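Those protein sequence lines, which keep their order, are chains A, B and C.
Count the first sequence with full-length UniProt numbering and you get residues 3 to 73, 84 to 185, in order.
Per full-length UniProt numbering, the second sequence starts with residue 3, numbered consecutively.
Count the third sequence with full-length UniProt numbering and you get residues 2 to 218, 223 to 264, in order.
For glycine and all other residues, C-beta sits at the position ideal for the given N, C-alpha and C.
What follows is one structure encoded as structure tokens, with my remarks underneath.
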Amino acid sequence: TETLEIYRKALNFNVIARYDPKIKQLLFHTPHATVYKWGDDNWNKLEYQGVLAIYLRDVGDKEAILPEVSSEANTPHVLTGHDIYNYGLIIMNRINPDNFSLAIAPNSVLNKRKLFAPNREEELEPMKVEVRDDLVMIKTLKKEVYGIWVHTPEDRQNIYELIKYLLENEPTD
Amino acid sequence: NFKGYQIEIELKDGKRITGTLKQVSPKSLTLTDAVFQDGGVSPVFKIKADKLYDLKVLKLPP
Amino acid sequence: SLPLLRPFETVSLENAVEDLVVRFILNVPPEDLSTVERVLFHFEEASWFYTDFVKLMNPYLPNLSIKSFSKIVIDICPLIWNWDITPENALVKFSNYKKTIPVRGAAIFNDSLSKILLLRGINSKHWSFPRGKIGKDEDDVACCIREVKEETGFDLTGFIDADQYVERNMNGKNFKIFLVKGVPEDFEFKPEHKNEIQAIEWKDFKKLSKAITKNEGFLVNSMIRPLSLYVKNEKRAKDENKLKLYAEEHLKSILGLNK
Ligand SMILES: C[n+]1cn([C@@H]2O[C@H](COP(=O)(O)OP(=O)(O)O)[C@@H](O)[C@H]2O)c2nc(N)[nH]c(=O)c21
Ligand SMILES: [Mg+2]
Ligand SMILES: [Mg+2]
Ligand SMILES: [Mg+2]
């Protein structure tokens, strides 16, 4: 009835909650995606295929830190430092055990952090989102360009607008 | 030697000539049943090395 | 970018299921929920993932065959099994169901055309072709490319001629095997999936004909004459071209004002 979906909601949460323990609330989930990455002025195929999910991340604590996973451009640069990254992205990789992650910090409270406390570890590049060539083009906080594919055009343009609504509207509740 | 090999000859003036080869000499090329992309079919063509532009070897002999 | 913790080295078979369920089954489009045969394809993927990575990192964890696994998967999440069918009977339906799904493969030949690339699968001893069952709504050539890349680590794209195949129907299973020429033999043909292909090698075409003609005991034992004809029509053409090439290579220097 709906008990088949409340469980689906809880289980979708609790499982992601083990990869990312700071999930205040899951935003949504589209069951098909494939990561592509802009290399030699072309888009290359990446081993992450599976359910896409954007969630609200608890941010949190004054000194909450992001620990390191136990082990040239082909590799995305791990996010080290303080916990500021308000929202997150995950592709529950059906391929291999490791999953795809993009920390989505609002372009609003990004400059707010890096100029009040000018103590800069990494240079967070205000994330950009657009749609071109049946791909949701996402420029990342560390200059890399990742494009994800959904079969449905409604799904491709729904995740887009939301990704914008996060980096544009300030994080309030 | 190269007799029987149907060859195609492209010319820079704007003309193209097909036809099967009859005589090969480094100064002159002669064709049997030369068909031209201008609407002319001739059974004997003689052309010199200097007045020639592009070449392709269309078919081999039977 | 954002750093995530690997929860799979030390994990409870209980929480390993809950994980895998969200990864594969639980979160899929209701169009792949139409049949029981539909959902059991995820259970098949999930079980292959469990025994490919989960059981790897967890020595202590059981060894789970699709039978046991899928049967456990329901014990943990009963809200995923909707229909009043036992996963025992439902899995034998699935196995017999698979036996109808048509295979699309390839005949991998080198520029030389003396040798053909053939693979043998883990459990078996019979040499056959890189080949697999079609997916949901995917064209014959695309399924061939997906299946040949998965089996040999080669993207066939370039050499895939669409009207140049070989079709045969062996026991209610449609085989459509494309004819590919120009493949490089030096490249390392490692498969991309664990526990599917045992050995991959270049068996010499002539050798095979001579042994097939003896009748001993391969889809190649039915597509023999079509394959031989294709080779004949290809060596014939590739060499006819090197006769025309030399006829040209000599004209473009005996007269030819080559640049
Ligand atoms: C991709 N996959 C294929 N199998 C094996 O390969 C067999 C055939 O499975 P198939 O993928 O349905 O056939 P296809 O290759 O013709 O498309 C199965 O019975 C398994 O033995 C697999 N076995 C394991 N353990 N892991 C995998 O990832 C895997
Ligand atoms: Mg196969
Ligand atoms: Mg296969
Ligand atoms: Mg398959």
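Query: Assigned secondary structure, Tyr-235/C (DSSP; H/G/I helix, E/B strand, else coil); Result: helix
Query: Ligand 1 heavy atom lying under 7 Å from the CB of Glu-137/A; Result: no
Query: Contact under 8 Å by Cβ, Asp-33/C with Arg-39/C; Result: yes
Query: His-34/A (DSSP reduced to helix, strand or coil); Result: coil
Query: When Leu-31/B, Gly-42/B and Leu-54/B are compared against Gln-8/B, the one with the closest alpha-carbon; Result: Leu-31/B
Query: Residues that DSSP places opposite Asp-60/A in a beta bridge; Result: Answer is none; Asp-60/A lacks a bridge partner.
Query: Which of helix, strand or coil DSSP assigns to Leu-119/C; Result: strand
Query: Check: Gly-136/C C-beta below 7 Å from any heavy atom of ligand 3; Result: no
Query: For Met-149/A, three-class secondary structure by DSSP; Result: strand
Query: Residues, ordered as in the chain, of the stretch 237 to 260 of chain C that lie near chain B by beta-carbon distance below 7 Å; Result: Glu-245, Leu-248, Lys-249, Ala-252, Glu-253, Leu-256, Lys-257, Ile-259 and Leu-260
Query: Cβ of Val-23/C within 8 Å of any chain A Cβ; Result: yes
Query: Cβ pair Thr-20/B, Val-37/B closer than 8 Å; Result: yes
Query: Any non-hydrogen atom of ligand 1 within 7 Å of residue 1/C CB; Result: Because chain C here runs from 2 to 264, residue 1/C falls outside it and cannot be looked at.
Query: 8 Å Cβ cutoff met for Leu-54/A and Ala-66/A; Result: no
Query: Beta-carbon proximity check, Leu-153/A vs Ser-2/C, cutoff 8 Å; Result: yes
Query: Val-157/A - partner residues in DSSP beta bridges; Result: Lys-151/A
Query: Proximal residues of chain A, C-beta to C-beta of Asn-28/C below 8 Å; Result: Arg-10, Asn-14, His-31, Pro-33, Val-53 and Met-104
Query: Neighbour-count burial assignment, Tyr-55/B, 16 or more Cβ in a 10 Å radius; Result: exposed
Query: Listed by chain order, chain C residues near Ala-51/B by CB distance under 7 Å; Result: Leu-260
Query: Minimum Cβ-Cβ distance from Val-141/A to chain C less than 8 Å; Result: no
Query: Proximity test, Cβ basis, 8 Å: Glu-15/C and chain A; Result: no
Query: Coil, strand or helix - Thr-34/B by DSSP; Result: strand
Query: Cβ-heavy atom distance, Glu-217/C to ligand 3, below 7 Å; Result: no
Query: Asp-167/A at chain C interface by Cβ criterion, 8 Å; Result: no
Query: Three-state secondary structure assigned by DSSP to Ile-102/C; Result: coil
Query: Nearest residue (CA-CA) to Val-157/A, options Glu-180/A, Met-104/A and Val-141/A; Result: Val-141/A
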